[PDB]
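First up is the structure itself, then whatever we jot down about it.
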Amino acid sequence: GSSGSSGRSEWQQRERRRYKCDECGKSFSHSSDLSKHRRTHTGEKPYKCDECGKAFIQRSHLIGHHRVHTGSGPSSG
Ligand SMILES: [Zn+2]
Ligand SMILES: [Zn+2]
């Protein structure tokens, strides 16, 4: 037969704003600005997951980590 990791079998992806804070709930056009904002809440890693609730220094660290958590936009009738 046939097989192999494929995933990404989604039709519509609706992920939160590209640059938005979870602490307060604000959004920004630039990531650089948002990064400086999060500070007003805490001065730690510029990245932090929500599902698990962990902080990361590098980007890739989170980019790949996200995997652990299912990624699929919400569907509706
Ligand atoms: Zn905030
Ligand atoms: Zn996580």
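Ligands are numbered from 1 in the order shown, chains are lettered A, B, ... in the order of the structure tokens, and residues start at 1 in each chain.
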Env. residues ligand 1 / 6 Å / only C-alpha atoms and all ligand atoms / as a PDB file with C-alpha atoms, in the first residue's frame:
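Wrote result-v9.pdb, looks like this:
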```
ATOM      1  CA  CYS A  21      -0.615  39.621  23.765  1.00  0.00           C
ATOM      2  CA  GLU A  23      -1.774  38.875  29.200  1.00  0.00           C
ATOM      3  CA  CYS A  24      -3.936  41.905  28.414  1.00  0.00           C
ATOM      4  CA  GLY A  25      -5.321  41.053  24.989  1.00  0.00           C
ATOM      5  CA  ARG A  38       4.946  42.128  26.840  1.00  0.00           C
TER       6      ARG A  38
END
```
Could the residues that lie within 9 Å of ligand 2, counting only C-alpha atoms and all ligand atoms, be listed as a PyMOL selection string? chain A and resi 48-55+62+65-69
Selection from above, N, CA and C atoms, as a tab-separated table (two decimals), in the first residue's frame, can you write it?
```
chain	number	residue	atom	x	y	z
A	48	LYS	N	6.41	32.54	24.51
A	48	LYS	CA	5.80	31.74	25.56
A	48	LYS	C	4.53	31.05	25.06
A	49	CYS	N	4.53	29.72	25.10
A	49	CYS	CA	3.38	28.95	24.66
A	49	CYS	C	2.20	29.13	25.61
A	50	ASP	N	1.00	28.79	25.13
A	50	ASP	CA	-0.21	28.91	25.94
A	50	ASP	C	-0.70	27.54	26.38
A	51	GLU	N	-0.74	26.60	25.44
A	51	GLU	CA	-1.20	25.25	25.74
A	51	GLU	C	-0.44	24.66	26.92
A	52	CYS	N	0.88	24.55	26.78
A	52	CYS	CA	1.72	24.01	27.83
A	52	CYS	C	2.09	25.09	28.84
A	53	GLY	N	2.34	26.30	28.35
A	53	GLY	CA	2.70	27.40	29.22
A	53	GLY	C	4.19	27.45	29.50
A	54	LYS	N	4.99	27.33	28.45
A	54	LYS	CA	6.45	27.36	28.59
A	54	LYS	C	7.04	28.54	27.81
A	55	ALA	N	8.20	29.00	28.25
A	55	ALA	CA	8.88	30.12	27.60
A	55	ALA	C	10.09	29.64	26.81
A	62	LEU	N	10.16	27.38	19.54
A	62	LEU	CA	8.71	27.37	19.68
A	62	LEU	C	8.04	26.90	18.40
A	65	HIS	N	8.14	23.30	18.55
A	65	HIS	CA	7.44	22.84	19.75
A	65	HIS	C	5.94	22.81	19.53
A	66	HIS	N	5.40	23.88	18.97
A	66	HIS	CA	3.97	23.98	18.70
A	66	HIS	C	3.41	22.63	18.26
A	67	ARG	N	4.22	21.85	17.56
A	67	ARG	CA	3.81	20.54	17.08
A	67	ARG	C	3.07	19.77	18.17
A	68	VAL	N	3.72	19.62	19.32
A	68	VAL	CA	3.12	18.91	20.44
A	68	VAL	C	1.63	19.20	20.55
A	69	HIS	N	1.24	20.42	20.20
A	69	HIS	CA	-0.16	20.82	20.25
A	69	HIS	C	-0.78	20.80	18.86
```
Would you mind writing down, as a VMD selection string, each residue of chain A that DSSP on the backbone assigns to alpha helix (DSSP H)? chain A and resid 31 to 38 59 to 65
Separation of atom CA of residue A:30 from atom CA of residue A:14 in Å: 19.1 Å
How would you write, as a VMD selection string, the set of residues in chain A that DSSP gives as strand (DSSP E)? chain A and resid 47 to 48 55 to 56
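When atom CA of residue A:58 is paired with atom CA of residue A:45, their separation reads 8.6 Å.
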For residue A:13, find every residue with an atom within 10 Å (counting only C-alpha atoms), except residues of its own chain fewer than 4 positions away, and show them as a ChimeraX atom specification. /A:71-75
Filtering to N, CA, C and O atoms, could you give me those residues as a JSON list (two decimals), in the first residue's frame?
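See out-v2.json below for the written result:
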```json
[["chain", "number", "residue", "atom", "x", "y", "z"],
["A", 71, "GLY", "N", -2.73, 21.63, 15.58],
["A", 71, "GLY", "CA", -2.93, 22.90, 14.91],
["A", 71, "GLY", "C", -3.95, 22.82, 13.79],
["A", 71, "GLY", "O", -3.66, 22.29, 12.72],
["A", 72, "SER", "N", -5.14, 23.34, 14.04],
["A", 72, "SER", "CA", -6.21, 23.32, 13.05],
["A", 72, "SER", "C", -7.25, 24.40, 13.35],
["A", 72, "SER", "O", -7.77, 24.49, 14.46],
["A", 73, "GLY", "N", -7.54, 25.22, 12.34],
["A", 73, "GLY", "CA", -8.51, 26.28, 12.51],
["A", 73, "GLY", "C", -9.90, 25.76, 12.82],
["A", 73, "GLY", "O", -10.29, 24.67, 12.39],
["A", 74, "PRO", "N", -10.67, 26.54, 13.59],
["A", 74, "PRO", "CA", -12.04, 26.17, 13.98],
["A", 74, "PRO", "C", -13.00, 26.20, 12.80],
["A", 74, "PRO", "O", -13.06, 27.18, 12.05],
["A", 75, "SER", "N", -13.77, 25.12, 12.64],
["A", 75, "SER", "CA", -14.73, 25.03, 11.55],
["A", 75, "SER", "C", -16.15, 25.32, 12.04],
["A", 75, "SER", "O", -16.42, 25.26, 13.24]]
```
Atomic separation - atom CA of residue A:7 relative to atom CA of residue A:70, Å: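 Spanning atom CA of residue A:70 to atom CA of residue A:7 is a straight-line distance of 10.3 Å.
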